[PDB]
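To start, the structure under review is shown below, and the notes come after it.
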Amino acid sequence: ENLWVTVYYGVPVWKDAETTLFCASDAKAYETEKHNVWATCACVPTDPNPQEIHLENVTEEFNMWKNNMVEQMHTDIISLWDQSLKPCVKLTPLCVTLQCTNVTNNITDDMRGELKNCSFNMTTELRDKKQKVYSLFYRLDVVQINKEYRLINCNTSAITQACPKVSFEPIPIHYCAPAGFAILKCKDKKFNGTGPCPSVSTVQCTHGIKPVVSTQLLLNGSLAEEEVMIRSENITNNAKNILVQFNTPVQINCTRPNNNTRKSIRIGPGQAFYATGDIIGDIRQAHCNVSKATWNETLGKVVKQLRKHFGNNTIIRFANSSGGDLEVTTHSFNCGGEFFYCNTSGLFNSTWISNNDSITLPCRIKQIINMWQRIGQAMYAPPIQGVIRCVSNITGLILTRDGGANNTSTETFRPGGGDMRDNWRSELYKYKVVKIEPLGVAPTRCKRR
Amino acid sequence: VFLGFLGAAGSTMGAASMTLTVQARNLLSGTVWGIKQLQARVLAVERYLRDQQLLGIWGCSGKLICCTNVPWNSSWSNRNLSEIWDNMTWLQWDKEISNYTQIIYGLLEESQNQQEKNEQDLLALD
Amino acid sequence: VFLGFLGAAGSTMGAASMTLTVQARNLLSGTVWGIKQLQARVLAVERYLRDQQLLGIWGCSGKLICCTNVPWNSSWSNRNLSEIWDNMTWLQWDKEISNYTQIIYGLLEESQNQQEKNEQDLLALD
Amino acid sequence: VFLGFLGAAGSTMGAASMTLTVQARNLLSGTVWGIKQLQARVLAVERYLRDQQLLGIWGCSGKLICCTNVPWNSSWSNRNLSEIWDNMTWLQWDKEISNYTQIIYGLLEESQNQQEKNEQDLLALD
Ligand SMILES: *[C@@H]1O[C@H](CO)[C@@H](O[C@@H]2O[C@H](CO)[C@@H](O[C@@H]3O[C@H](CO[C@H]4O[C@H](CO)[C@@H](O)[C@H](O)[C@@H]4O)[C@@H](O)[C@H](O[C@H]4O[C@H](CO)[C@@H](O)[C@H](O)[C@@H]4O[C@H]4O[C@H](CO)[C@@H](O)[C@H](O)[C@@H]4O)[C@@H]3O)[C@H](O)[C@H]2NC(C)=O)[C@H](O)[C@H]1NC(C)=O
Ligand SMILES: *[C@@H]1O[C@H](CO)[C@@H](O[C@@H]2O[C@H](CO)[C@@H](O[C@@H]3O[C@H](CO[C@H]4O[C@H](CO)[C@@H](O)[C@H](O)[C@@H]4O)[C@@H](O)[C@H](O[C@H]4O[C@H](CO)[C@@H](O)[C@H](O)[C@@H]4O)[C@@H]3O)[C@H](O)[C@H]2NC(C)=O)[C@H](O)[C@H]1NC(C)=O
Ligand SMILES: *[C@@H]1O[C@H](CO)[C@@H](O[C@@H]2O[C@H](CO)[C@@H](O[C@@H]3O[C@H](CO[C@H]4O[C@H](CO)[C@@H](O)[C@H](O)[C@@H]4O)[C@@H](O)[C@H](O[C@H]4O[C@H](CO)[C@@H](O)[C@H](O)[C@@H]4O)[C@@H]3O)[C@H](O)[C@H]2NC(C)=O)[C@H](O)[C@H]1NC(C)=O
Ligand SMILES: *[C@@H]1O[C@H](CO)[C@@H](O[C@@H]2O[C@H](CO)[C@@H](O)[C@H](O)[C@H]2NC(C)=O)[C@H](O)[C@H]1NC(C)=O
Ligand SMILES: *[C@@H]1O[C@H](CO)[C@@H](O)[C@H](O)[C@H]1NC(C)=O
Ligand SMILES: *[C@@H]1O[C@H](CO)[C@@H](O)[C@H](O)[C@H]1NC(C)=O
Ligand SMILES: *[C@@H]1O[C@H](CO)[C@@H](O)[C@H](O)[C@H]1NC(C)=O
Ligand SMILES: *[C@@H]1O[C@H](CO)[C@@H](O)[C@H](O)[C@H]1NC(C)=O
Ligand SMILES: *[C@@H]1O[C@H](CO)[C@@H](O)[C@H](O)[C@H]1NC(C)=O
Ligand SMILES: *[C@@H]1O[C@H](CO)[C@@H](O)[C@H](O)[C@H]1NC(C)=O
Ligand SMILES: *[C@@H]1O[C@H](CO)[C@@H](O)[C@H](O)[C@H]1NC(C)=O
Ligand SMILES: *[C@@H]1O[C@H](CO)[C@@H](O)[C@H](O)[C@H]1NC(C)=O
Ligand SMILES: *[C@@H]1O[C@H](CO)[C@@H](O)[C@H](O)[C@H]1NC(C)=O
Ligand SMILES: *[C@@H]1O[C@H](CO)[C@@H](O)[C@H](O)[C@H]1NC(C)=O
Ligand SMILES: *[C@@H]1O[C@H](CO)[C@@H](O)[C@H](O)[C@H]1NC(C)=O
Ligand SMILES: *[C@@H]1O[C@H](CO)[C@@H](O)[C@H](O)[C@H]1NC(C)=O
Ligand SMILES: *[C@@H]1O[C@H](CO)[C@@H](O)[C@H](O)[C@H]1NC(C)=O
Ligand SMILES: *[C@@H]1O[C@H](CO)[C@@H](O)[C@H](O)[C@H]1NC(C)=O
Ligand SMILES: *[C@@H]1O[C@H](CO)[C@@H](O)[C@H](O)[C@H]1NC(C)=O
Ligand SMILES: *[C@@H]1O[C@H](CO)[C@@H](O)[C@H](O)[C@H]1NC(C)=O
């Protein structure tokens, strides 16, 4: 009748914790080679037949806003960027005075140049005679000084040129947990991403999450189920970003109608800088198309979900960014190696009450970037030959709400971003790390003599 | 039936006691960025030998299950035999006993195999 | 006679069963370029504890040899007692049984010490 | 009385045989400059599993103490029962037997559990 303790080894007992996650990225991506593209070099090949065990009767609480996988992925991509830029050519002797001029074209005065044809000195292979070579830089890359210009990053940090061998192509990366840990996955169709989850399953490795670094518009993401999803840490708080996840992807097409040439000027011995030669064809600016009908149905489907949290009979007005850096006021992204910054004033210019072509957006191109708000490392994106065309999916948004309302029933939303961790939170909301404690004692009528 | 690793997580302790050999099997599993997994599998084997050391100094050694000569104190959540194995999950049980786990561990490593084995040394010489 | 490490590899299984304590003895053996051997002896001890864990969760624990209550299924290459120990090498045998090793492992870790020890738990209380 | 870790180092072997469970308990204990302790505690667990492997392949397994069917060779410092446990320390004894430790180890791992367990396999089939 008197019970006795008995040690059980191998009980389904886990507790929330944080550990060191490793990678996984299939086996066909390793065949992409090209001198180690992005990260996949010594990454473990993904298991051909992954197993996902649905834990019946199990209800586990998730928290996408207090999840450590986001911070780990962020620091991992940062260290990746540094390790990818450590052995590349450093452009230390490139801050020389630039005697720039307009590009060869024919007016008007509203074209504001944008492209500057700079002539300057350069150190050759030998440490004696210099080199009077010219390049073609964007206005966002240069800045005049008292026409003589200079690189915009002179009195900020150093600069290193990205090697032409590697690529900035986001490839699916599976994050896996070591022995003794497990990743819980919420498999409900309406998980707005916080609190208890009815249908929880366990996995060793997550699905292929492509590290697409972008702002305002979530590109190449996971589609939502049924209705579009709206996630926020504090809806009443207008300082917390609002991650929107789409159900139907919005087809976007971005092009660079300036098929360019790569001049291989030689800053020897060894090093070589890739300048931009003359432009073959017409002087055109990069642009992005968004299908008017798709954008209408997507916006009309989102505002119907927005009315479920800010009152049924309210007015939702869309306005573009309030201001700041170029990475926040414009849709910043990467395509073909070039870094576009597109005008998103034609997408967020609407006013919804309670009840056939394409929208083109002006896109600028910058070569000298300082992403992740990093000071000390400026990367020069080498020019890319040929017309660059890319087709992507708009699968979500990062919105911000205006404050100090009180009066009035309308609510105004503007594109935001900045913190790149939000880009990872849009994919890690359905995963969390737990540690296994298989040692459990329990009483029963068992002993020895 | 084989629910798999952590299969019987939502089942009762009596039902989850049948899946002991499943969570025990997948518990060990056999330039920078490569040391990321090294330091992790080192902490993995240190966690394994830590649990094996606790399992050894107690009156078990043989894994999975083992009995002990310790009376269950009613203050440690006075529940019944049929209310534990047929009405409570292991997570729910560990949530209540989290206060007394270290106390029981102390009553298991010190009071038992330190007094029991010395008793056997006194019983084996004659 | 002591043929040494891997001595009776070409000998019959019955003859090679005498050299068990030889391959088991040399199985554990007690700035860059120095981590080359570190990560190797770490995988060496992980492979050792992996085999020791499988040898422990089964009805063995005591190494070298142990018996089990599992009927030999004829589908696993139906051979005779004298046709295995006196007419086949361990490499040739493992080449045939490679399909069913994981199945037997499942019938050893789960069907035995999970039902046998619980049976003893019922037999040791009276 | 509990002298602590390495307490009975200067006491006789018979007296120091009472403190076996003390030196065995504290034998495992649960950017550069941080790998200094990592490689050390890895060699610590490799030294522990090394001694556990020797203690397992012999006729012991159960730690602390175990008896064996090996005749004490008079050439290994022919001393008396009362002249060893009541007149010699473990350091002084190991200083004399250092020549024959490896020989005895060979007579323990090979001659015993390789011939004894096979004998039991012959005794357990009938
Ligand atoms: C969201 O996800 C989508 C889906 O993948 C992704 O779209 C991808 O866009 C990128 C552009 O940013 C694409 O990658 C490039 O595609 C062009 C054009 O592809 C043609 O060529 C292949 C050849 O078989 C055809 O099959 C194909 O159908 C097209 O006709 C390629 O030309 C590019 O190749 C060069 O660039 C790579 C990176 O710079 C190099 O690694 C690669 O080795 C190639 O370099 C060599 O060739 C160059 C050619 O001139 C040469 O100049 C170089 O010096 C070098 O020698 C590149 O592969 C991709 O095609 C799109 N995906 C799909 C399915 O089509 C989005 O980019 C993504 N969103 C975000 C934000 O990342
Ligand atoms: C960016 O800015 C740089 C300058 O900093 C440019 O590079 C220069 O571009 C100009 C074109 O505007 C080049 O000028 C051309 O040079 C040619 C070289 O010919 C050499 O050999 C002949 C003998 O065969 C010599 O007579 C001559 O002096 C040279 O030594 C000339 O042949 C060209 O002449 C042709 O075009 C002109 C155009 O008006 C006609 O009038 C002529 O009749 C003839 O058809 C021309 O003079 C200059 O050489 C380039 N310099 C360097 C260092 O490359 C880029 O053009 C500019 N890019 C943009 C987009 O603005
Ligand atoms: C974007 O801008 C780039 C700038 O580099 C343009 O690239 C050049 O394009 C032209 C035109 O297509 C290419 O010129 C072609 O050269 C071919 C021969 O090249 C080989 O042989 C020479 C020696 O003779 C070598 O030096 C060279 O390396 C090659 O091995 C010709 O055969 C071509 O003529 C044929 O094609 C054209 C259409 O292209 C037909 O009209 C002709 O009738 C004929 O059938 C042609 O003259 C040049 O080689 C390209 N350079 C590079 C580096 O690629 C892109 O064309 C431009 N794209 C767009 C869309 O604007
Ligand atoms: C992006 O470009 C693709 C390719 O041109 C467009 O898809 C085409 O759409 C038209 C109109 O429906 C069809 O007739 C073509 O057959 C489609 N082609 C392909 C390859 O799909 C797409 O509409 C463009 N989207 C935007 C927003 O510009
Ligand atoms: C181009 O030329 C015009 C006319 O001299 C001048 O005013 C202007 O500053 C130049 N540069 C740009 C970028 O327009
Ligand atoms: C460098 O710039 C100077 C401007 O003072 C100019 O005189 C010279 O021609 C340029 N190029 C070379 C190769 O010196
Ligand atoms: C957008 O769609 C909504 C809802 O169907 C609508 O009232 C409106 O007329 C559409 N706008 C355009 C420009 O078609
Ligand atoms: C928003 O669009 C307006 C056009 O009405 C433009 O003047 C403004 O600069 C834009 N602001 C941002 C931050 O894009
Ligand atoms: C974006 O487009 C709007 C509308 O054409 C324009 O008023 C605004 O100045 C543009 N923003 C930038 C930064 O060019
Ligand atoms: C926004 O849309 C309204 C209505 O079509 C239009 O009057 C206004 O000019 C637009 N703003 C911009 C910057 O295009
Ligand atoms: C992007 O959307 C298009 C349009 O339906 C689809 O064909 C493509 O598979 C999508 N890409 C994804 C989901 O990665
Ligand atoms: C049992 O628990 C009670 C109440 O907490 C306490 O008074 C008593 O000391 C405990 N006894 C043991 C052996 O733990
Ligand atoms: C059942 O619970 C009661 C009340 O706490 C207690 O008196 C009794 O000892 C318990 N019996 C068993 C078998 O646990
Ligand atoms: C744990 O102990 C604390 C402090 O005595 C107490 O507040 C709490 O109720 C206890 N919880 C459980 C589950 O025993
Ligand atoms: C033995 O194998 C045969 C044929 O493959 C099959 O019918 C039978 O179920 C198997 N039994 C066991 C216990 O493996
Ligand atoms: C030999 O194998 C056959 C076929 O499985 C069987 O009938 C027979 O009993 C076996 N004999 C011995 C001696 O093992
Ligand atoms: C292994 O299994 C496969 C698949 O059934 C079969 O083709 C092969 O004959 C088997 N080999 C042995 C040695 O049993
Ligand atoms: C005992 O010692 C003697 C002399 O040192 C030696 O001849 C003999 O081999 C030893 N016995 C064993 C079992 O090694
Ligand atoms: C005692 O020591 C002597 C001298 O070495 C020896 O002859 C005798 O065998 C020893 N006896 C015992 C019981 O050890
Ligand atoms: C150890 O062996 C050597 C070599 O035979 C010998 O000189 C020495 O006396 C031996 N020492 C002991 C303590 O047996």
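We did not get these values from a lab; they are worked out from the coordinates using the rules stated. Neighbour counts run over all protein chains shown; Cβ positions are idealised from the backbone, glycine included.
So the values come out like this:
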item	result
Calculated FRET efficiency for the pair D:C67/A:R449, C-beta based, R₀ 22 Å, to 0.05	0.45
Top positive-direction residue, dipole computed over the range A:186-263 with Cβ charges, set A:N192, A:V244, A:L217	A:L217
Highest average packing first - D:5-18, D:75-88, Cβ atoms within 10 Å	D:5-18, D:75-88
Shape call, the range A:260-360: gyration tensor on alpha carbons, a/c limit 1.5	prolate
For the protein assembly as shown, size of Cβ-based charge dipole, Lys and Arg +1, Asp and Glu -1, in debye	3840 debye
Over the range A:1-107: Rg over Rh, Cα atoms, Kirkwood Rh	1.25
Within the range D:1-70: Cβ-based charge dipole about Cα centre, in debye rounded to nearest 20 (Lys, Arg +1; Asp, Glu -1)	160 debye
Rh by Kirkwood over Cα pairs, then Stokes-Einstein D for chain A at 0.890 mPa s and 25 °C, µm²/s	98 µm²/s
Spin-label proximity, A:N121 to the range A:127-163 - amide N less than 17 Å from point 7 Å beyond Cα toward beta carbon	A:127-135, A:148-151
Directionally averaged shadow of the range A:346-449, computed from the convex hull of its alpha-carbon atoms, nm²	19.7 nm²
Dipole of the range A:1-82 [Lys/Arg +1, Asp/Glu -1 at C-beta], most positive-end residue of A:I77, A:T46, A:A17	A:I77
Interchain or long-range residues, amide H under 5 Å from A:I159's placed H	A:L91, A:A378
Estimated vicinal HN-Hα couplings, Hz - the range B:113-125 in sequence order (Karplus 6.51, -1.76, 1.60; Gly, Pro = x)	4, 8, 9, 7, 5, 5, 5, 6, 5, 7, 8, 9, 7
Amide proton proximity set for B:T68, modelled H, under 5 Å, gap of 5+	A:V5
Whether the protein assembly as shown is rounded, prolate or oblate, judged on the alpha carbon gyration tensor where a/c under 1.5 counts as rounded	prolate
Computed [θ] at 222 nm, helices only, for chain A once each DSSP H run of length n ≥ 4 contributes -39500 (n - 2.57)	-3000 deg cm²/dmol
Virtual paramagnetic centre 7 Å along Cα→Cβ of A:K308, amide N under 12 Å, in the range A:165-205	A:189-193
Other-copy label distances relative to D:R25, 7 angstrom Cα-Cβ extension, nm	3.6, 3.8
Sum of -39500 (n - 2.57) over DSSP H runs of 4+, divided by residues of chain D (222 nm, nearest 500)	-13000 deg cm²/dmol
Amide H partners (placed H, <5 Å) of A:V441, local residues excluded	A:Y8
Signed unit charges on C-beta, dipole axis of the range A:1-151, positive-most listed residue A:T124, A:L3, A:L140	A:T124
Average other protein chain Cβ within 10 Å of Cβ, residues A:18-24	3
Relative exposure of A:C88, A:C41, judged by other C-beta atoms within 10 Å (fewest first)	A:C41, A:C88
Gyration tensor (Cα) of chain D, equivalent ellipsoid semi-axes in angstrom	29, 25, 15
Cβ-placed point charges (K, R +1; D, E -1), dipole of chain C about Cα centre in debye, nearest 20	740 debye
Potential extension, A:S345-A:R284 segment - 0.36 nm per residue separation minus Cα distance	19.9 nm
Residue order, fewest to most beta carbons within 10 Å, for A:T408, A:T298, A:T248	A:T408, A:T248, A:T298
J(HN,Hα) series, the range A:100-105, from Karplus relation 6.51 cos²θ - 1.76 cosθ + 1.60, nearest Hz, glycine and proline x	9, 8, 5, 6, 5, 7
